[PDB]
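Worksheet: the structure to be examined is printed underneath.
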Ligand code: CLA
Ligand code: CLA
Ligand code: CLA
Ligand SMILES: C=Cc1c(C)c2cc3nc(c4c5[nH]c(cc6nc(cc1[nH]2)C(C)=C6CC)c(C)c5C(=O)[C@@H]4C(=O)OC)[C@@H](CCC(=O)OC/C=C(\C)CCC[C@H](C)CCC[C@H](C)CCCC(C)C)[C@@H]3C
Ligand SMILES: CCCCCCCCCCCCCCCC(=O)OC[C@H](COP(=O)(O)OC[C@@H](O)CO)OC(=O)CCCCCCCCCCCCCCC
Ligand SMILES: CC1=C(/C=C/C(C)=C/C=C/C(C)=C/C=C/C=C(C)/C=C/C=C(C)/C=C/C2=C(C)CCCC2(C)C)C(C)(C)CCC1
Ligand SMILES: CC1=C(/C=C/C(C)=C/C=C/C(C)=C/C=C/C=C(C)/C=C/C=C(C)/C=C/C2=C(C)CCCC2(C)C)C(C)(C)CCC1
Ligand SMILES: CCCCCCCCCCCCO[C@@H]1O[C@H](CO)[C@@H](O[C@H]2O[C@H](CO)[C@@H](O)[C@H](O)[C@H]2O)[C@H](O)[C@H]1O
Ligand SMILES: CCCCCCCS[C@@H]1O[C@H](CO)[C@@H](O)[C@H](O)[C@H]1O
Ligand SMILES: [Ca+2]
Ligand SMILES: [Ca+2]
Ligand SMILES: [Fe+2]
Ligand SMILES: [Mg+2]
């Protein structure tokens, strides 16, 4: 389909939020389960 | 090993799906 | 002799600073 | 190292003989 | 003897003299402790 | 800066170099025994 | 007007495909307990 | 430009997202299962948390012989009963 | 215009990612080195080679994952997948440290590939190959540290392992065992890296602060045209500034930029020479005069003897876990310790 | 005599030849198909 | 330039500067030898490395007394 | 004018003066060899090949003379400890003299080729310009190298017409120069088989002859002539530099790991023989064979050759040195005089205890004694207040077998401890530390110094290769890029093929 | 201190030889026709 | 023999310093025009 239909700023915002989510998960894992020292 | 099929089923389903969606443009290109 | 050598090299370097700065070839615009 | 020094100096003197003879500034008549 | 046409003058400007002396003197200041050991 | 009018070029011809080197090397060959003692 | 399957396409995907797979794995790993 | 379509175009196109809203989650889920099924452990020979030591053992199963190293590791694994 | 030339044509097309003849070496080896590192650090242990966990799968984080070197008992085995050790078994091969040799070797050929790429593109575009030449320093460092250094030692085990904390360990090991900071080649390295950093900083800042006003904007980046003929900053003002601030100043731009190539490149080459020495334990470890004095005179103390005490601590406290193949058992009473600690 | 490691060496040799061969077959083929246009 | 006896003798050995064989000439053959040479090195390396282990070839000081 | 780092470029288009400069370089190198051999002969002590061999004395060129069969002095001694031998002219002294004279002659030749640089031979007959036909020159030189290589293998090494080469037993006890027959089976590619060095020079020689003829008779393909710039002498500079750093890495490697061409009697033992306790294993084997034949402990250890014991000592490990710890190994621990004999340690219960040996990595190492199972039984403690294993507490004694201390036993803790301290280095020796004012700090052997210099030089010559390869292939732009370089050549998508204007 | 006795001559030649090289090149450059 | 330990550097500098002075003078003479 045609390029430009979805605003680049939306794509950027969503992508960024996904990044923050996955990294947030990895930092959660530093405190839970393996690697938590507990 | 059932685990390799349970695991690499999403990969091949993705490949098959995108092949389905891009087939006409791929044929047009080739 | 060691001390004399170390201080001598250092002294030469300081003298070099002096000539490099005050007796440099002057930059000239073209 | 003394022996090496004596022999070094001597060797340099012989070298100098070679250059002074075969690589002298040629005499030229005016 | 006929003159060799491959000769060229050699140069070292003053800045190169200063840089070179800096390199030598500083390398000496660095390495001397090791030469004395 | 006005250039200094008292300047003069310096020369050492090749024969003078050979004589000089000879003088230094022969002096050294003579005095070195006494330097080592 | 533009091709789809180029050298760039390949390069991009040889990096991007394994990266998403791997991130899925590491994600799963965050819930492993000793 | 070098002839390929601008990325700006592609990633803001509807079709791109019809494709990749399937293909990216599929890959992600595949990797997830590669871990959750435990296949990763077996493919790469990595110890599960209960397979580093046998119960009363406290000696690392270090490989000490170059050419019979494989057999060594195998013996080490059997030692976990 | 036969097949070789048709191929050449295709390899050198002006696409988003340039390929070239050199790309045939470079892309698979670079891809395998990267992928090998990511595979190893994500999924692969170091239990059987080091007694270490080293993967995300085991619970390590970004700072502690590594692809670790093989067991010391492997010596300098190429450790090929089809070699006499793994014998074709991918899993065992991972357990034996095959990924380390995989990554280092594919990596080395990848670096060759990349430098060849620098030559190839420079030749195609019509510039002098000074970028490639500069890249010789990365090469010297990689080859001296990852190949020559372990080759001089007992085995690949004492090469650096590919990981953040693993590299940190490599550093501390070199201090404790080699007294590497004392080494004049390392010192020349440090001077080249810190001097390079200084040149980077000072040149960038100087250019940015002697710009000509070439626009009306207070954000001044747009007031430059890539095609423009004129210098975008004032070399004369720069020269007077630094002349009056520091005593000396660049006046030749060509010399300035050559110098910027020369300093870090030379630094890295020197550091390489030092590590080649450490491959044989040919260290700058001690000053003999220092030791004769200190041995005879128990009141003589310098920072040099202080640091050796530190090194002694490092060796004794780190060796048993860092070198498990040695089976070190150092009873409590023999561990070197100062008062209380 | 062909020891296990000589056999392994032949396997390595063969595998390398296959990788390089397939690589150049595909590169030459693609180069043949998509030619540069000159005038 | 100065002629000498020995010079005159050797003259033909330095008279074909820039002379080439048309096109690719013997490059294919050369390539073959290069290939062989690579494999050769690969062998000796692997023998020295104990990656390739042959009967009667003990890569140690204890090879022969 | 020419910048200082380019002064020698004046040789590029002057074949005569280039040959002169090469003659002068060769003169300098031969002169170095001669000088070095004279200096080593002025400092070498030939009186004890067992405990004071050449590699303990910082000898660098003496082992290379020995390797190919120069083993004697005009003064009558040999490196294998013989006396009353007539080496003929080709003694160490003869070789040194030969190199000095060669150096002189090369000097004189260099002067001739410098003065008479303008020989017609160096001129292209068609253009009158200086020119060297490098491909044919390569053929000629490769042919000659081939002949020489072949003759070296077929006559020298074989002993057919020549001395042969240095060979020894697997423990470097009985080395000597011998004729060696070529090995044509696969073991020929075993680095520890000298028959392979022989077969190598014969076969590689023949190949070099054949290839040489090829390169004399067949012109370069135009495509390779152009690609490699075979009209330009710098191309030869680049590929030669590459060949040379390859060869240097190789000799560094075989020096460090050992081979038939780096015998331990000439260069010293390797580090890997310490790592794997090569010598300790052989010694233990011999002692055991002795006991099983009915010998007493004293007898068994007394039957161990001092030379063998001396290999089992870390002071001879090439990996124990320092970059600025200069000179011969003798300057460190001293001139070895005698084996003290094998130390056996026992505790009060009479259990044998074994001292944990120092690994090469460690400048200093603790003193720990275990039983035959690795259980710690005694040590020298740092902190004393909670010591459990002190020699005093455990009643550790040391009894010596073989060597000078044979049959003796020590029980006072200080003596026992001193000996334990030395036991961390392997077998124990008496040293003369006075003659050289030795400082007690380990230095490396010629194996180590050779390995170091050659790995370093190899690495630097990599840069040499890179630089001159670059100079060769980019000759057209090394003064700058085309001042009229069209922006379209470096723009993107203007040409289909990068830098190919015919692809617009 | 028991320093190495060659250290002095080593440092002296290490400085003097190349420095002298540079001084020779510089002086003969200056004296060339301006 | 027990020679004076400064004999070596003394002799070396005795040779080098004035020899170098002369070499400088000579070379800058040759490089002058005409
Ligand atoms: C050009 C790119 C490239 C290069 C330079 C390398 C180089 C290497 N690879 Mg990698 N690899 C590559 C791409 C590359 N690879 C690709 C695309 C893959 C995916 C398949 C791999 C997958 C891979 C694995 C799994 C492994 C390697 C390994 C290696 C190392 C050993 C290779 C070897 O001994 O080959 C030997 C073969 C040759 C050198 C081929 C030369 C053949 C000659 C020129 C022609 C003659 C062939 C002859 C006709 C065949 C007769 C066969 C008969 C005798 C039966 C070496 C560093 C090993 C390693 O790193 O161990 C630590 C290893 O385990 N590679
Ligand atoms: C291939 C090179 C080589 C090797 C491996 C050897 C090996 C040996 N030599 Mg020999 N020697 C050589 C060449 C070599 N030599 C040459 C060319 C000479 C003429 C000067 C000599 C003259 C000589 C004498 C007079 C003696 C030896 C001795 C020895 C033995 C002791 C070595 C030692 O203490 O080194 C010490 C090594 C160092 C301290 C390393 C120096 C590192 C330098 C200074 C680094 C330079 C850094 C540089 C300035 C950086 C610039 C950076 C810039 C690019 C920015 C050892 C077996 C000794 C012996 O035992 O005789 C029986 C001895 O007395 N040699
Ligand atoms: C076969 C070996 C070899 C030969 C014949 C050459 C020849 C040349 N080089 Mg190359 N080069 C080589 C190896 C070689 N190089 C290596 C190993 C490197 C890396 C170190 C280089 C790096 C290099 C660079 C960066 C440059 C050259 C340049 C040149 C050209 C001018 C040289 C000159 O006038 O220097 C004059 C040198 C001096 C007046 C004094 C140098 C003093 C040195 C640094 C310290 C003392 C050296 C010591 C005596 C060496 C002892 C022997 C050694 C083997 C241990 C000339 C064609 C230049 C060029 O291409 O110009 C167009 C140039 O810029 N070379
Ligand atoms: C750790 C420090 C360090 C890193 C990470 C680094 C990285 C890089 N330098 C490059 C270039 C350069 N660096 C240069 C001078 C320097 N570079 C320096 C130090 C570094 N340079 C220093 C100190 C200097 C001054 C002398 C120059 C002159 C260049 C370039 O021209 C080039 C560039 O274009 O920069 C913009 C790029 C080469 C890309 C490439 O080869 O693709 C191919 C990738 C390959 C072949 C894979 C290599 C595999 C490696 C060798 C082993 C595996 C590594 C793992 C994947 C990761 C392990 C991570 C753990 C260690 C934690 C890359 C971004
Ligand atoms: C606004 C954010 C500022 C962040 C901190 C400052 C960054 C720049 C400071 C460098 C000074 C160098 C020496 C002088 C060099 C010098 O003279 O600069 C000159 C340069 C150009 O100046 P101009 O006059 O064109 O513009 C600046 C003002 O005049 C307003 O237009 O300044 C800038 O580009 C400002 C950039 C602001 C935005 C920069 C953000 C970058 C950092 C983002 C955070 C990264 C953190 C990473 C951690 C993992
Ligand atoms: C080894 C091997 C191989 C290979 C494989 C491969 C090739 C792989 C690849 C792989 C891959 C290719 C992977 C990837 C991955 C990725 C990842 C895992 C990522 C992650 C990321 C992240 C985590 C991010 C982060 C960040 C940053 C970096 C910065 C910004 C911010 C953030 C934080 C976001 C083969 C088979 C040949 C053979 C055998 C061996
Ligand atoms: C003329 C004549 C003659 C004579 C001759 C002669 C006598 C010669 C001699 C010669 C010689 C006697 C020579 C020598 C040489 C030497 C050399 C050439 C050396 C060099 C060195 C170097 C180069 C070094 C360097 C270094 C240092 C110093 C430090 C450390 C590092 C290094 C190693 C780098 C005769 C009668 C025979 C006959 C004919 C005529
Ligand atoms: C103990 C360590 C000492 C190290 C000693 C190092 C020795 C270095 C010797 C350098 C030789 C200098 O070489 C010298 O170059 C200059 C130009 O540069 C030449 O000079 C020539 O060029 C200039 C400029 O066109 C003319 O004015 C001049 O008439 C002409 O003869 C000299 O004829 C030559 O002798
Ligand atoms: C330039 C010096 C020339 C001196 C020549 C002295 C010859 S010496 C002569 O040489 C023969 C060959 O080795 C020996 O067989 C013989 O015993 C020996 O006396
Ligand atoms: Ca649990
Ligand atoms: Ca003393
Ligand atoms: Fe700049
Ligand atoms: Mg966790």
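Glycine gets a Cβ as well: all are built from the backbone with ideal geometry, and neighbour counts include every protein chain shown. The values are calculated or read from the model by the stated rules, or taken from the named source; these are not laboratory values.
Brief remarks on what is shown
- Region H:53-76, residues that are assigned to a loop (DSSP other than H, G, I, E, B), at the interface with chain I (Cβ under 8 Å from one of its Cβ atoms) and surrounded by 14 or more Cβ atoms within 10 Å (Cβ to Cβ): H:60, H:61, H:62, H:63, H:64, H:66, H:67
- Single match in L:144, L:160 (criterion: out of contact with any strand residue (DSSP E or B) (no Cβ under 9 Å at 6 or more places or on another chain), surrounded by fewer than 19 Cβ atoms within 10 Å (Cβ to Cβ) and closer than 25 Å to residue L:237 by Cβ): L:144
- Among the numbered conditions (1) surrounded by fewer than 20 Cβ atoms within 10 Å (Cβ to Cβ); (2) in a helix (DSSP H, G or I); (3) within 13 Å of chain I (Cβ to nearest Cβ), the only one that residue L:440 does not meet is (2).
- Qualifying position, being away from chain E (no Cβ under 14 Å) and either in a loop (DSSP other than H, G, I, E, B) or within 16 Å of ligand 13 (Cβ to nearest atom) (or both), among L:40, L:82: L:82
- Residue within region L:1-21 that is away from chain E (no Cβ under 14 Å), within 16 Å of ligand 2 (Cβ to nearest atom) and part of a helix (DSSP H, G or I) present: no
- Residue within region L:305-318 that is at positive phi, away from chain I (no Cβ under 14 Å) and either surrounded by fewer than 21 Cβ atoms within 10 Å (Cβ to Cβ) or in contact with a helix residue (DSSP H, G or I) (Cβ under 8 Å, 6 or more places away or on another chain) (or both) present: no
- Being within 30 Å of residue I:227 (Cα to Cα) and either surrounded by fewer than 19 Cβ atoms within 10 Å (Cβ to Cβ) or not assigned by CATH to the domain that holds residue L:261 (or both) holds for only one residue in L:457, L:425, L:494, and it is L:494.
- When L:375, L:396 are screened for being more than 30 Å from residue I:274 (Cα to Cα), free of Cβ contacts under 8 Å to residues at least 40 places away in the same chain and more than 7 Å from every other protein chain (Cβ to nearest Cβ), only L:375 passes.
Conditions tested, residue by residue: (1) touching a strand residue (DSSP E or B) at 6+ places or on another chain (Cβ under 7 Å); (2) surrounded by 13 or more Cβ atoms within 10 Å (Cβ to Cβ).
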| position | (1), (2) |
| --- | --- |
| K:1 | yes, yes |
| K:14 | no, yes |
| K:23 | yes, no |
| K:28 | no, no |
| K:34 | no, no |
| K:42 | no, yes |
| K:49 | no, yes |
| K:59 | no, yes |
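- Residue in region L:113-134 that is nearest to residue L:223 (Cα to Cα), counting only those that are more than 8 Å from every other protein chain (Cβ to nearest Cβ) and touching a helix residue (DSSP H, G or I) at 6+ places or on another chain (Cβ under 8 Å): L:134
- Residue check for residue I:110: touching a residue at least 40 places away in the same chain (Cβ under 8 Å) and under 21 Å from residue I:269 (Cβ atoms): yes
- Pairs meeting the criteria (first residue in region D:1-28 and within 19 Å of residue L:35 (Cβ to Cβ), second residue part of a loop (DSSP other than H, G, I, E, B), beta carbons under 9 Å, at least 6 apart or on different chains) are D:1/M:6; D:1/N:3; D:2/N:1; D:2/N:3.
- One residue alone among L:279, L:310, L:245, L:249 is touching a residue at least 12 places away in the same chain (Cβ under 8 Å), in contact with a strand residue (DSSP E or B) (Cβ under 7 Å, 6 or more places away or on another chain) and in a helix (DSSP H, G or I), and that residue is L:310.
- Residue L:431 being more than 30 Å from residue I:265 (Cα to Cα), within 16 Å of ligand 11 (Cβ to nearest atom) and in a strand (DSSP E or B): yes
- Candidates in region L:19-59 are the residues that are within 16 Å of ligand 3 (Cβ to nearest atom) and under 21 Å from the mean Cα position of the chain (by Cα); of these, the one that is farthest from residue L:116 (Cα to Cα) is L:36.
- Counting residues in region L:25-33 that are assigned to a loop (DSSP other than H, G, I, E, B), more than 14 Å from chain E (Cβ to nearest Cβ) and either within 16 Å of ligand 9 (Cβ to nearest atom) or free of Cβ contacts under 8 Å to residues at least 40 places away in the same chain (or both) gives zero.
- 2 or more residues touching a residue at least 24 places away in the same chain (Cβ under 8 Å): qualifying helices (runs of 4 or more DSSP H) within region I:248-341: I:253-278, I:303-322
- Residue count for region H:1-24, restricted to those that are closer than 14 Å to residue G:19 by Cβ and more than 8 Å from chain G (Cβ to nearest Cβ): 2.
- Residue L:90 meets all of the listed conditions (1) within 24 Å of residue L:21 (Cα to Cα); (2) assigned to a loop (DSSP other than H, G, I, E, B) but one, namely (1).
- The lone exception for residue L:139 - which of (1) surrounded by 19 or more Cβ atoms within 10 Å (Cβ to Cβ); (2) under 26 Å from the mean Cα position of the chain (by Cα) it fails: (2)
- The residue that is nearest to the other protein chains (Cβ to nearest Cβ), counting only those in region F:15-33 that are over 15 Å from residue D:15 (Cβ atoms) and over 11 Å from the mean Cα position of the chain (by Cα), is F:32.
- Answer residue from region I:48-73, given it is away from chain A (no Cβ under 13 Å) and surrounded by fewer than 24 Cβ atoms within 10 Å (Cβ to Cβ) and is farthest from ligand 4 (Cβ to nearest atom) among those: I:73
- Count - residues of region B:1-21 that are within 7 Å of chain H (Cβ to nearest Cβ) and either over 20 Å from residue H:28 (Cβ atoms) or not in a helix (DSSP H, G or I) (or both): 1
- From K:22, K:28, K:12, residue being more than 7 Å from every other protein chain (Cβ to nearest Cβ) and within 18 Å of residue L:216 (Cα to Cα): K:12
- Exactly one residue out of I:104, I:86, I:108 is within 9 Å of ligand 1 (Cβ to nearest atom), within 14 Å of chain L (Cβ to nearest Cβ) and within 26 Å of residue I:153 (Cβ to Cβ), and it is I:108.
- For residue L:343, the criteria (1) within 13 Å of residue L:423 (Cβ to Cβ); (2) touching a helix residue (DSSP H, G or I) at 6+ places or on another chain (Cβ under 6 Å); (3) in a loop (DSSP other than H, G, I, E, B) hold in every case but one, which is (3).
- For beta carbons closer than 7 Å, sequence separation of 6+ or different chains, a first residue in region L:9-23 that is outside the structural domain of residue L:132 (by CATH) and a second that is surrounded by fewer than 20 Cβ atoms within 10 Å (Cβ to Cβ), there are no qualifying pairs.
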